[PDB]
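Peer 1: Mind looking over this structure? Questions follow.
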Number of protein chains: 2
Amino acid sequence: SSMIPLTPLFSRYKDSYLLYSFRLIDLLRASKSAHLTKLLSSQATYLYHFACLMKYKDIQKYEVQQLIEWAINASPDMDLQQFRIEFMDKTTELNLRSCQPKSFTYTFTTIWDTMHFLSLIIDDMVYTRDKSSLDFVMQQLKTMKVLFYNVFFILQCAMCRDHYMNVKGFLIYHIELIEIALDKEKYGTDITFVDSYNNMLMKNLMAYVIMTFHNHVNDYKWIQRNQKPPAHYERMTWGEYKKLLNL
Amino acid sequence: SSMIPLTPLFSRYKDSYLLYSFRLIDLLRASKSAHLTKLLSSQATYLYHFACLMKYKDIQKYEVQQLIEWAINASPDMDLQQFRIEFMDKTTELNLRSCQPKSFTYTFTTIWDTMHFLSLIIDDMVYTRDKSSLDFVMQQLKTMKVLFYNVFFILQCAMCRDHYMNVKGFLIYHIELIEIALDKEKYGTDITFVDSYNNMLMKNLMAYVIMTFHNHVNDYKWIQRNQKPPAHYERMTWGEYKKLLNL
Ligand SMILES: Cc1cc2nc3c(=O)[nH]c(=O)nc-3n(C[C@H](O)[C@H](O)[C@H](O)COP(=O)(O)OP(=O)(O)OC[C@H]3O[C@@H](n4cnc5c(N)ncnc54)[C@H](O)[C@@H]3O)c2cc1C
Ligand SMILES: Cc1cc2nc3c(=O)[nH]c(=O)nc-3n(C[C@H](O)[C@H](O)[C@H](O)COP(=O)(O)OP(=O)(O)OC[C@H]3O[C@@H](n4cnc5c(N)ncnc54)[C@H](O)[C@@H]3O)c2cc1C
């Protein structure tokens, strides 16, 4: 059903994304408030939706609700390593092996990979909209905006949080931009897909967008630090990026 | 000192911007809190800075501090029309006729014109940086980001506020992008100015950016309303926009 090519990089993205979703539900047992439990639970709901449930039209939505319910009720005092044990036990129990990470080392790269994963899901949903509907895609895009608006870092970086709070709109803007092309199709002018950035839409737009945003954040971090970029620092190019993902 | 061409449209922008700054200080007498008075006072400080003070290197900064102080102390019960009288009296008193609006009819267009004004100031500061310094421009850009982060609508539109909260980062992103080109110049690679959107920067980038953002918000409003765009609705094109402003 999904047309995303299988590549070593997409495999890494998917695994990082599952790790991210795991570190997120891990936060549930330690939630300081009902309001945060509600926010965390809806984020994990959407995350698992996009990675392991949507393939089967969310038929397993209740099993995820149960995984979330279990996570909220787990002990706040147990170690991340104990939670890992029980999490793996519970996901197997619930027939959600597909939602389990294989690698558990969490870095900034995990969070970036997670964002790049979503960008690919977004482009793929748009590409294959004729197999779902315009309405279904519009509804998934609303959820995507909520997801990007509410990114939890998990690791500690107050500078990262403030900065993302300031520029996350660049990402949401491009989701609205897709919604505009879909609505123009709804009203009678099919999307024409183009190579470059009355109804035109760049092919693989969202993959390009987040690649671009990822370079921008890394260029900006040298200004934050008030330093010349390291001698070996280099941006990802769109030519290489498309080849790595076979776009 | 400023290289922005004089055109009827730029005149309208400047007047709208002064009206906006006036409607902002009008809010001071009615402020519900110290925290809001502080936020409102810093916004008006920056606004007048960019429109009527920076030409003379903020030599009149204290007169504006006095205008703000007066506005905070004015009666909360007097009518906008009374405040207009006294405001005009006080600005004349303080030799700030240059900061007075001529037209007082406040619309969404006033707010857009205000944003377009700032975009032109941003491009102009970058263009003429050799006459100030890289540091001075970097410092003005920080202030620009604060200004755009904290836009008050003044008129009532809860939909507008939520939406701008979600996508304002598109604008701030482009301010950081300018900061990246300036820092790359600092470290030894002059900016090359280009026509289209190792150190390249689009000429009139920020004018293009906010023009683009203004079209996006107007396209998006039909999706919010769940309607086909009106038969006579049309986007501004960059070709016409540059001619209107003689860019
Ligand atoms: C949302 C977010 C906001 C952040 N904000 C800040 C901040 O304000 N200040 C700060 O100092 N740090 C911030 N960070 C972290 C920063 O972006 C780096 O990830 C971190 O400094 C580690 O750098 P790294 O050298 O390990 O490179 P990373 O960028 O983390 O590299 C990880 C992997 O990504 C690949 N890669 C590099 N560029 C791209 C690209 N453009 N597209 C796709 N893949 C790419 C690399 O090949 C490598 O495989 C933020 C991170 C995120 C996720
Ligand atoms: C920051 C902000 C956020 C907003 N968010 C929303 C929202 O979420 N939902 C909503 O319904 N409304 C929103 N609005 C208002 C909306 O953008 C319109 O301004 C409003 O609906 C009135 O439309 P209008 O027909 O009078 O056109 P306006 O766009 O307000 O037109 C005013 C003038 O701008 C010119 N113009 C048109 N397009 C451009 C362009 N791209 N660049 C430069 N000039 C242009 C026109 O020629 C005209 O002279 C927002 C406004 C602002 C300032």
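Naming works like this for the structure tokens: A, B, ... for the chains as they're shown, residue 1 at the start of each chain, ligands 1 onward in shown order.
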Set out as JSON lines a contact list for chain A and ligand 1 with a cut-off of 10 Å, giving each residue of chain A that qualifies its closest atom pair and distance in Å to one decimal, counting only C-alpha atoms and all ligand atoms, ordered by chain and rising residue number.

Peer 2:
```
{"residue": "A:9", "atom": "CA", "partner": "ligand 1", "partner_atom_place_in_ligand_line": "49 (O)", "distance": 8.9}
{"residue": "A:12", "atom": "CA", "partner": "ligand 1", "partner_atom_place_in_ligand_line": "49 (O)", "distance": 9.8}
{"residue": "A:107", "atom": "CA", "partner": "ligand 1", "partner_atom_place_in_ligand_line": "30 (O)", "distance": 7.7}
{"residue": "A:108", "atom": "CA", "partner": "ligand 1", "partner_atom_place_in_ligand_line": "19 (O)", "distance": 4.7}
{"residue": "A:109", "atom": "CA", "partner": "ligand 1", "partner_atom_place_in_ligand_line": "30 (O)", "distance": 4.4}
{"residue": "A:110", "atom": "CA", "partner": "ligand 1", "partner_atom_place_in_ligand_line": "53 (C)", "distance": 7.9}
{"residue": "A:111", "atom": "CA", "partner": "ligand 1", "partner_atom_place_in_ligand_line": "53 (C)", "distance": 4.9}
{"residue": "A:112", "atom": "CA", "partner": "ligand 1", "partner_atom_place_in_ligand_line": "53 (C)", "distance": 4.5}
{"residue": "A:113", "atom": "CA", "partner": "ligand 1", "partner_atom_place_in_ligand_line": "34 (O)", "distance": 7.3}
{"residue": "A:114", "atom": "CA", "partner": "ligand 1", "partner_atom_place_in_ligand_line": "53 (C)", "distance": 8.6}
{"residue": "A:115", "atom": "CA", "partner": "ligand 1", "partner_atom_place_in_ligand_line": "53 (C)", "distance": 7.6}
{"residue": "A:116", "atom": "CA", "partner": "ligand 1", "partner_atom_place_in_ligand_line": "43 (C)", "distance": 7.0}
{"residue": "A:148", "atom": "CA", "partner": "ligand 1", "partner_atom_place_in_ligand_line": "1 (C)", "distance": 9.1}
{"residue": "A:151", "atom": "CA", "partner": "ligand 1", "partner_atom_place_in_ligand_line": "1 (C)", "distance": 7.6}
{"residue": "A:152", "atom": "CA", "partner": "ligand 1", "partner_atom_place_in_ligand_line": "1 (C)", "distance": 8.9}
{"residue": "A:153", "atom": "CA", "partner": "ligand 1", "partner_atom_place_in_ligand_line": "53 (C)", "distance": 7.4}
{"residue": "A:157", "atom": "CA", "partner": "ligand 1", "partner_atom_place_in_ligand_line": "13 (C)", "distance": 7.6}
{"residue": "A:158", "atom": "CA", "partner": "ligand 1", "partner_atom_place_in_ligand_line": "8 (O)", "distance": 8.3}
{"residue": "A:159", "atom": "CA", "partner": "ligand 1", "partner_atom_place_in_ligand_line": "8 (O)", "distance": 5.2}
{"residue": "A:160", "atom": "CA", "partner": "ligand 1", "partner_atom_place_in_ligand_line": "5 (N)", "distance": 3.6}
{"residue": "A:161", "atom": "CA", "partner": "ligand 1", "partner_atom_place_in_ligand_line": "5 (N)", "distance": 6.6}
{"residue": "A:162", "atom": "CA", "partner": "ligand 1", "partner_atom_place_in_ligand_line": "8 (O)", "distance": 7.2}
{"residue": "A:163", "atom": "CA", "partner": "ligand 1", "partner_atom_place_in_ligand_line": "8 (O)", "distance": 4.7}
{"residue": "A:164", "atom": "CA", "partner": "ligand 1", "partner_atom_place_in_ligand_line": "3 (C)", "distance": 5.3}
{"residue": "A:165", "atom": "CA", "partner": "ligand 1", "partner_atom_place_in_ligand_line": "3 (C)", "distance": 9.0}
{"residue": "A:166", "atom": "CA", "partner": "ligand 1", "partner_atom_place_in_ligand_line": "8 (O)", "distance": 9.5}
{"residue": "A:167", "atom": "CA", "partner": "ligand 1", "partner_atom_place_in_ligand_line": "3 (C)", "distance": 9.1}
{"residue": "A:168", "atom": "CA", "partner": "ligand 1", "partner_atom_place_in_ligand_line": "1 (C)", "distance": 7.9}
{"residue": "A:207", "atom": "CA", "partner": "ligand 1", "partner_atom_place_in_ligand_line": "42 (N)", "distance": 8.5}
{"residue": "A:208", "atom": "CA", "partner": "ligand 1", "partner_atom_place_in_ligand_line": "42 (N)", "distance": 8.2}
{"residue": "A:209", "atom": "CA", "partner": "ligand 1", "partner_atom_place_in_ligand_line": "42 (N)", "distance": 9.1}
{"residue": "A:210", "atom": "CA", "partner": "ligand 1", "partner_atom_place_in_ligand_line": "42 (N)", "distance": 6.7}
{"residue": "A:211", "atom": "CA", "partner": "ligand 1", "partner_atom_place_in_ligand_line": "42 (N)", "distance": 3.6}
{"residue": "A:212", "atom": "CA", "partner": "ligand 1", "partner_atom_place_in_ligand_line": "41 (N)", "distance": 5.5}
{"residue": "A:213", "atom": "CA", "partner": "ligand 1", "partner_atom_place_in_ligand_line": "41 (N)", "distance": 6.7}
{"residue": "A:214", "atom": "CA", "partner": "ligand 1", "partner_atom_place_in_ligand_line": "41 (N)", "distance": 4.1}
{"residue": "A:215", "atom": "CA", "partner": "ligand 1", "partner_atom_place_in_ligand_line": "41 (N)", "distance": 4.0}
{"residue": "A:216", "atom": "CA", "partner": "ligand 1", "partner_atom_place_in_ligand_line": "41 (N)", "distance": 7.5}
{"residue": "A:217", "atom": "CA", "partner": "ligand 1", "partner_atom_place_in_ligand_line": "17 (O)", "distance": 5.3}
{"residue": "A:218", "atom": "CA", "partner": "ligand 1", "partner_atom_place_in_ligand_line": "17 (O)", "distance": 4.8}
{"residue": "A:219", "atom": "CA", "partner": "ligand 1", "partner_atom_place_in_ligand_line": "17 (O)", "distance": 8.6}
{"residue": "A:220", "atom": "CA", "partner": "ligand 1", "partner_atom_place_in_ligand_line": "9 (N)", "distance": 7.0}
{"residue": "A:221", "atom": "CA", "partner": "ligand 1", "partner_atom_place_in_ligand_line": "11 (O)", "distance": 4.4}
{"residue": "A:222", "atom": "CA", "partner": "ligand 1", "partner_atom_place_in_ligand_line": "11 (O)", "distance": 7.3}
{"residue": "A:223", "atom": "CA", "partner": "ligand 1", "partner_atom_place_in_ligand_line": "11 (O)", "distance": 9.1}
{"residue": "A:224", "atom": "CA", "partner": "ligand 1", "partner_atom_place_in_ligand_line": "9 (N)", "distance": 6.8}
{"residue": "A:225", "atom": "CA", "partner": "ligand 1", "partner_atom_place_in_ligand_line": "11 (O)", "distance": 7.4}
{"residue": "A:230", "atom": "CA", "partner": "ligand 1", "partner_atom_place_in_ligand_line": "25 (O)", "distance": 10.0}
{"residue": "A:233", "atom": "CA", "partner": "ligand 1", "partner_atom_place_in_ligand_line": "25 (O)", "distance": 7.9}
{"residue": "A:234", "atom": "CA", "partner": "ligand 1", "partner_atom_place_in_ligand_line": "38 (N)", "distance": 7.6}
{"residue": "A:235", "atom": "CA", "partner": "ligand 1", "partner_atom_place_in_ligand_line": "38 (N)", "distance": 5.5}
{"residue": "A:236", "atom": "CA", "partner": "ligand 1", "partner_atom_place_in_ligand_line": "38 (N)", "distance": 4.7}
{"residue": "A:237", "atom": "CA", "partner": "ligand 1", "partner_atom_place_in_ligand_line": "41 (N)", "distance": 7.4}
{"residue": "A:238", "atom": "CA", "partner": "ligand 1", "partner_atom_place_in_ligand_line": "42 (N)", "distance": 8.4}
{"residue": "A:240", "atom": "CA", "partner": "ligand 1", "partner_atom_place_in_ligand_line": "43 (C)", "distance": 9.8}
{"residue": "A:241", "atom": "CA", "partner": "ligand 1", "partner_atom_place_in_ligand_line": "43 (C)", "distance": 7.0}
{"residue": "A:244", "atom": "CA", "partner": "ligand 1", "partner_atom_place_in_ligand_line": "43 (C)", "distance": 9.9}
```

Peer 1: Find the residues around residue B:1 up to 10 Å (only C-alpha atoms counted), leave out those fewer than 4 positions away in its own chain, and share them as an mmCIF file with N, CA, C and O atoms, in the first residue's frame.

Peer 2:
```
data_model
loop_
_atom_site.group_PDB
_atom_site.id
_atom_site.type_symbol
_atom_site.label_atom_id
_atom_site.label_comp_id
_atom_site.auth_asym_id
_atom_site.auth_seq_id
_atom_site.Cartn_x
_atom_site.Cartn_y
_atom_site.Cartn_z
ATOM 1 N N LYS B 55 16.774 56.116 11.791
ATOM 2 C CA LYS B 55 17.340 57.119 10.864
ATOM 3 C C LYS B 55 18.334 58.029 11.575
ATOM 4 O O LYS B 55 19.405 58.329 11.038
ATOM 5 N N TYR B 56 17.981 58.445 12.793
ATOM 6 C CA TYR B 56 18.880 59.266 13.609
ATOM 7 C C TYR B 56 19.512 58.495 14.768
ATOM 8 O O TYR B 56 19.757 59.052 15.845
ATOM 9 N N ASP B 124 16.652 46.148 3.391
ATOM 10 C CA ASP B 124 17.450 47.367 3.247
ATOM 11 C C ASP B 124 18.637 47.360 4.202
ATOM 12 O O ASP B 124 19.715 47.649 3.785
ATOM 13 N N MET B 125 18.426 47.014 5.479
ATOM 14 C CA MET B 125 19.532 46.848 6.440
ATOM 15 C C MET B 125 20.607 45.888 5.974
ATOM 16 O O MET B 125 21.793 46.176 6.125
ATOM 17 N N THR B 128 22.588 47.499 2.842
ATOM 18 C CA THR B 128 23.443 48.622 3.200
ATOM 19 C C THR B 128 24.350 48.307 4.400
ATOM 20 O O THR B 128 24.921 49.214 4.991
ATOM 21 N N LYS B 131 27.651 50.050 5.279
ATOM 22 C CA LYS B 131 27.562 51.396 5.836
ATOM 23 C C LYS B 131 27.295 51.357 7.336
ATOM 24 O O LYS B 131 27.561 52.325 8.029
ATOM 25 N N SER B 132 26.809 50.235 7.855
ATOM 26 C CA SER B 132 26.717 50.075 9.313
ATOM 27 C C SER B 132 27.789 49.066 9.735
ATOM 28 O O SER B 132 28.971 49.342 9.594
#
```

Peer 1: Hey, what's within 7 Å of residue B:25 if we count only C-alpha atoms and toss same-chain stuff fewer than 2 positions away? As a count of residues only, please?

Peer 2: 8

Peer 1: Can you tell me how far atom CA of residue A:53 sits from atom CA of residue A:90, in Å to one decimal?

Peer 2: 16.5 Å

Peer 1: Could you tell me which of B:19, B:178, B:85, B:194 comes closest to chain A if we count only C-alpha atoms?

Peer 2: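 Comparing B:19, B:178, B:85, B:194 against chain A, the winner is B:178.
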
Peer 1: Could you please write out, as an mmCIF file with N, CA and C atoms, in the first residue's frame, every residue of stretch 124-236 of chain A that DSSP assigns to alpha helix (DSSP H)?

Peer 2:
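The resulting result_27.cif:
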```cif
data_model
loop_
_atom_site.group_PDB
_atom_site.id
_atom_site.type_symbol
_atom_site.label_atom_id
_atom_site.label_comp_id
_atom_site.auth_asym_id
_atom_site.auth_seq_id
_atom_site.Cartn_x
_atom_site.Cartn_y
_atom_site.Cartn_z
ATOM 1 N N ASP A 124 4.223 10.288 0.857
ATOM 2 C CA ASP A 124 3.639 9.040 0.362
ATOM 3 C C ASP A 124 2.117 9.093 0.406
ATOM 4 N N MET A 125 1.527 9.547 1.520
ATOM 5 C CA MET A 125 0.070 9.762 1.604
ATOM 6 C C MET A 125 -0.481 10.651 0.509
ATOM 7 N N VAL A 126 0.228 11.727 0.178
ATOM 8 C CA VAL A 126 -0.191 12.598 -0.913
ATOM 9 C C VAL A 126 -0.088 11.897 -2.268
ATOM 10 N N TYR A 127 1.033 11.201 -2.504
ATOM 11 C CA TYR A 127 1.279 10.487 -3.762
ATOM 12 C C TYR A 127 0.230 9.434 -4.071
ATOM 13 N N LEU A 134 -9.081 12.340 -0.791
ATOM 14 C CA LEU A 134 -8.590 13.661 -0.401
ATOM 15 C C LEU A 134 -8.897 13.958 1.070
ATOM 16 N N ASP A 135 -10.115 13.656 1.489
ATOM 17 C CA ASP A 135 -10.558 13.823 2.880
ATOM 18 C C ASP A 135 -9.713 13.057 3.896
ATOM 19 N N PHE A 136 -9.422 11.792 3.588
ATOM 20 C CA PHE A 136 -8.606 10.982 4.484
ATOM 21 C C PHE A 136 -7.241 11.651 4.640
ATOM 22 N N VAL A 137 -6.638 12.075 3.542
ATOM 23 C CA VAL A 137 -5.320 12.714 3.601
ATOM 24 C C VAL A 137 -5.387 14.031 4.389
ATOM 25 N N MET A 138 -6.398 14.856 4.143
ATOM 26 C CA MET A 138 -6.567 16.106 4.895
ATOM 27 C C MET A 138 -6.606 15.844 6.399
ATOM 28 N N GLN A 139 -7.300 14.786 6.782
ATOM 29 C CA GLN A 139 -7.440 14.422 8.183
ATOM 30 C C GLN A 139 -6.102 13.971 8.776
ATOM 31 N N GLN A 140 -5.304 13.241 8.005
ATOM 32 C CA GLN A 140 -3.977 12.810 8.459
ATOM 33 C C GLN A 140 -3.019 13.991 8.598
ATOM 34 N N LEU A 141 -3.180 14.992 7.729
ATOM 35 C CA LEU A 141 -2.357 16.191 7.764
ATOM 36 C C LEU A 141 -2.597 17.055 8.984
ATOM 37 N N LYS A 142 -3.838 17.164 9.409
ATOM 38 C CA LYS A 142 -4.184 17.824 10.673
ATOM 39 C C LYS A 142 -3.435 17.161 11.821
ATOM 40 N N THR A 143 -3.429 15.832 11.835
ATOM 41 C CA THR A 143 -2.740 15.083 12.888
ATOM 42 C C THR A 143 -1.217 15.347 12.806
ATOM 43 N N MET A 144 -0.671 15.384 11.587
ATOM 44 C CA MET A 144 0.744 15.683 11.364
ATOM 45 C C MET A 144 1.145 17.036 11.969
ATOM 46 N N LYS A 145 0.287 18.045 11.796
ATOM 47 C CA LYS A 145 0.540 19.378 12.343
ATOM 48 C C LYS A 145 0.569 19.390 13.854
ATOM 49 N N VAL A 146 -0.374 18.682 14.487
ATOM 50 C CA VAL A 146 -0.361 18.459 15.935
ATOM 51 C C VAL A 146 0.931 17.803 16.402
ATOM 52 N N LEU A 147 1.317 16.716 15.728
ATOM 53 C CA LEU A 147 2.588 16.018 16.005
ATOM 54 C C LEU A 147 3.796 16.943 15.943
ATOM 55 N N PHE A 148 3.939 17.709 14.861
ATOM 56 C CA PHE A 148 5.091 18.607 14.727
ATOM 57 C C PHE A 148 5.041 19.808 15.679
ATOM 58 N N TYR A 149 3.834 20.260 16.001
ATOM 59 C CA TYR A 149 3.673 21.373 16.928
ATOM 60 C C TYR A 149 4.164 21.000 18.342
ATOM 61 N N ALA A 158 17.693 23.060 26.315
ATOM 62 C CA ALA A 158 16.724 24.154 26.482
ATOM 63 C C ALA A 158 16.821 25.100 25.285
ATOM 64 N N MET A 159 18.045 25.228 24.781
ATOM 65 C CA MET A 159 18.325 25.955 23.552
ATOM 66 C C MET A 159 17.571 25.375 22.348
ATOM 67 N N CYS A 160 17.564 24.039 22.228
ATOM 68 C CA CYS A 160 16.842 23.341 21.162
ATOM 69 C C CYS A 160 15.340 23.626 21.228
ATOM 70 N N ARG A 161 14.775 23.526 22.431
ATOM 71 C CA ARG A 161 13.351 23.748 22.652
ATOM 72 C C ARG A 161 12.900 25.168 22.295
ATOM 73 N N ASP A 162 13.632 26.157 22.786
ATOM 74 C CA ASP A 162 13.341 27.557 22.470
ATOM 75 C C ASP A 162 13.416 27.786 20.952
ATOM 76 N N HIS A 163 14.416 27.184 20.315
ATOM 77 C CA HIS A 163 14.671 27.425 18.904
ATOM 78 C C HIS A 163 13.567 26.787 18.050
ATOM 79 N N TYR A 164 13.218 25.548 18.383
ATOM 80 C CA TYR A 164 12.137 24.854 17.692
ATOM 81 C C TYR A 164 10.806 25.561 17.905
ATOM 82 N N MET A 165 10.567 26.076 19.115
ATOM 83 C CA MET A 165 9.393 26.907 19.376
ATOM 84 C C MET A 165 9.327 28.114 18.434
ATOM 85 N N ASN A 166 10.471 28.725 18.154
ATOM 86 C CA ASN A 166 10.534 29.829 17.213
ATOM 87 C C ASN A 166 10.387 29.481 15.705
ATOM 88 N N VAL A 167 10.891 28.322 15.266
ATOM 89 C CA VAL A 167 10.909 28.038 13.827
ATOM 90 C C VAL A 167 10.086 26.818 13.370
ATOM 91 N N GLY A 169 7.056 26.531 12.864
ATOM 92 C CA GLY A 169 6.128 27.040 11.866
ATOM 93 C C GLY A 169 6.584 26.872 10.429
ATOM 94 N N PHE A 170 7.897 26.834 10.198
ATOM 95 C CA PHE A 170 8.402 26.549 8.841
ATOM 96 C C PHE A 170 7.899 25.182 8.353
ATOM 97 N N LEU A 171 7.916 24.200 9.248
ATOM 98 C CA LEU A 171 7.402 22.860 8.917
ATOM 99 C C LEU A 171 5.878 22.855 8.743
ATOM 100 N N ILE A 172 5.157 23.464 9.677
ATOM 101 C CA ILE A 172 3.686 23.472 9.650
ATOM 102 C C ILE A 172 3.154 24.218 8.435
ATOM 103 N N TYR A 173 3.807 25.337 8.117
ATOM 104 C CA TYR A 173 3.569 26.077 6.872
ATOM 105 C C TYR A 173 3.542 25.118 5.689
ATOM 106 N N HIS A 174 4.518 24.218 5.594
ATOM 107 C CA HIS A 174 4.548 23.342 4.403
ATOM 108 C C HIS A 174 3.482 22.256 4.371
ATOM 109 N N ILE A 175 3.036 21.828 5.550
ATOM 110 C CA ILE A 175 1.848 20.977 5.670
ATOM 111 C C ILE A 175 0.594 21.712 5.196
ATOM 112 N N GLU A 176 0.431 22.984 5.586
ATOM 113 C CA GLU A 176 -0.696 23.766 5.100
ATOM 114 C C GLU A 176 -0.599 23.955 3.608
ATOM 115 N N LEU A 177 0.614 24.054 3.097
ATOM 116 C CA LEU A 177 0.825 24.248 1.668
ATOM 117 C C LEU A 177 0.322 23.034 0.862
ATOM 118 N N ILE A 178 0.549 21.839 1.391
ATOM 119 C CA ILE A 178 0.049 20.601 0.815
ATOM 120 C C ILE A 178 -1.478 20.566 0.869
ATOM 121 N N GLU A 179 -2.040 20.944 2.018
ATOM 122 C CA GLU A 179 -3.448 21.053 2.161
ATOM 123 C C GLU A 179 -4.043 22.013 1.118
ATOM 124 N N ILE A 180 -3.348 23.095 0.797
ATOM 125 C CA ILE A 180 -3.825 24.013 -0.228
ATOM 126 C C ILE A 180 -3.854 23.314 -1.596
ATOM 127 N N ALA A 181 -2.818 22.554 -1.953
ATOM 128 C CA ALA A 181 -2.854 21.865 -3.249
ATOM 129 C C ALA A 181 -3.966 20.816 -3.320
ATOM 130 N N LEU A 182 -4.215 20.118 -2.208
ATOM 131 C CA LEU A 182 -5.266 19.116 -2.153
ATOM 132 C C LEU A 182 -6.623 19.780 -2.308
ATOM 133 N N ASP A 183 -6.846 20.878 -1.583
ATOM 134 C CA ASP A 183 -8.113 21.577 -1.722
ATOM 135 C C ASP A 183 -8.344 22.124 -3.136
ATOM 136 N N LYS A 184 -7.292 22.635 -3.771
ATOM 137 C CA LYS A 184 -7.404 23.060 -5.184
ATOM 138 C C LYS A 184 -7.766 21.903 -6.128
ATOM 139 N N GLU A 185 -7.287 20.704 -5.809
ATOM 140 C CA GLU A 185 -7.696 19.486 -6.541
ATOM 141 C C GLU A 185 -9.169 19.126 -6.316
ATOM 142 N N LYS A 186 -9.569 19.085 -5.051
ATOM 143 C CA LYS A 186 -10.991 19.029 -4.659
ATOM 144 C C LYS A 186 -11.904 19.935 -5.511
ATOM 145 N N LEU A 205 8.085 16.889 -1.747
ATOM 146 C CA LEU A 205 8.181 18.189 -1.064
ATOM 147 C C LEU A 205 8.626 18.051 0.387
ATOM 148 N N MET A 206 7.883 17.255 1.149
ATOM 149 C CA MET A 206 8.133 17.215 2.595
ATOM 150 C C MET A 206 9.513 16.622 2.956
ATOM 151 N N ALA A 207 9.972 15.613 2.213
ATOM 152 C CA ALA A 207 11.346 15.106 2.376
ATOM 153 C C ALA A 207 12.372 16.219 2.174
ATOM 154 N N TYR A 208 12.159 17.029 1.136
ATOM 155 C CA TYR A 208 13.031 18.182 0.853
ATOM 156 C C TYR A 208 12.972 19.231 1.968
ATOM 157 N N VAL A 209 11.746 19.527 2.413
ATOM 158 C CA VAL A 209 11.489 20.506 3.476
ATOM 159 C C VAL A 209 12.234 20.186 4.766
ATOM 160 N N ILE A 210 12.089 18.956 5.251
ATOM 161 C CA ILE A 210 12.714 18.628 6.520
ATOM 162 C C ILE A 210 14.234 18.450 6.368
ATOM 163 N N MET A 211 14.685 17.980 5.202
ATOM 164 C CA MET A 211 16.108 17.966 4.914
ATOM 165 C C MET A 211 16.643 19.386 5.016
ATOM 166 N N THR A 212 15.936 20.333 4.383
ATOM 167 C CA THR A 212 16.276 21.748 4.412
ATOM 168 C C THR A 212 16.268 22.342 5.831
ATOM 169 N N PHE A 213 15.232 22.021 6.574
ATOM 170 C CA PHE A 213 15.107 22.475 7.930
ATOM 171 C C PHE A 213 16.252 21.897 8.782
ATOM 172 N N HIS A 214 16.638 20.651 8.529
ATOM 173 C CA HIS A 214 17.686 19.974 9.319
ATOM 174 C C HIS A 214 19.046 20.679 9.048
ATOM 175 N N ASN A 215 19.343 21.007 7.788
ATOM 176 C CA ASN A 215 20.525 21.835 7.482
ATOM 177 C C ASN A 215 20.520 23.211 8.144
ATOM 178 N N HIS A 216 19.371 23.869 8.124
ATOM 179 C CA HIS A 216 19.203 25.205 8.726
ATOM 180 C C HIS A 216 19.479 25.175 10.217
ATOM 181 N N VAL A 217 18.882 24.218 10.932
ATOM 182 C CA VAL A 217 19.152 24.104 12.373
ATOM 183 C C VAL A 217 20.644 23.884 12.702
ATOM 184 N N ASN A 218 21.302 23.028 11.922
ATOM 185 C CA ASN A 218 22.737 22.799 12.056
ATOM 186 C C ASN A 218 23.601 24.000 11.649
ATOM 187 N N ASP A 219 23.182 24.802 10.671
ATOM 188 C CA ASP A 219 23.918 26.049 10.369
ATOM 189 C C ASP A 219 23.708 27.053 11.494
ATOM 190 N N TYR A 220 22.471 27.142 11.966
ATOM 191 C CA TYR A 220 22.127 28.094 13.011
ATOM 192 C C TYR A 220 22.818 27.770 14.325
ATOM 193 N N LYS A 221 23.098 26.500 14.589
ATOM 194 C CA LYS A 221 23.705 26.195 15.872
ATOM 195 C C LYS A 221 25.104 26.819 16.040
ATOM 196 N N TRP A 222 25.825 27.032 14.940
ATOM 197 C CA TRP A 222 27.137 27.713 15.025
ATOM 198 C C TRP A 222 26.989 29.194 15.372
ATOM 199 N N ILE A 223 25.950 29.847 14.852
ATOM 200 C CA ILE A 223 25.621 31.221 15.290
ATOM 201 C C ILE A 223 25.221 31.271 16.773
ATOM 202 N N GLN A 224 24.409 30.315 17.217
ATOM 203 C CA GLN A 224 24.053 30.258 18.643
ATOM 204 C C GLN A 224 25.289 30.174 19.520
#
```

Peer 1: How far is it from atom CA of residue A:93 to atom CA of residue A:60, in Å with one decimal?

Peer 2: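 Between atom CA of residue A:93 and atom CA of residue A:60 the gap works out to 12.9 Å.
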
Peer 1: From the list A:204, A:246, A:35, A:24, which residue is nearest residue A:122 when using only C-alpha atoms?

Peer 2: A:204

Peer 1: Would you compute the distance between atom CA of residue B:26 and atom CA of residue B:103? Give it in Å to one decimal.

Peer 2: 15.5 Å

Peer 1: Among stretch 17-247 of chain A, which ones does DSSP place in strand (DSSP E or B), written as a PyMOL selection string?

Peer 2: chain A and resi 192-194+200-202

Peer 1: Between B:199, B:226, B:43, B:81, which one has atoms that come closest to chain A, using only C-alpha atoms?

Peer 2: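 Closest candidate: B:226.
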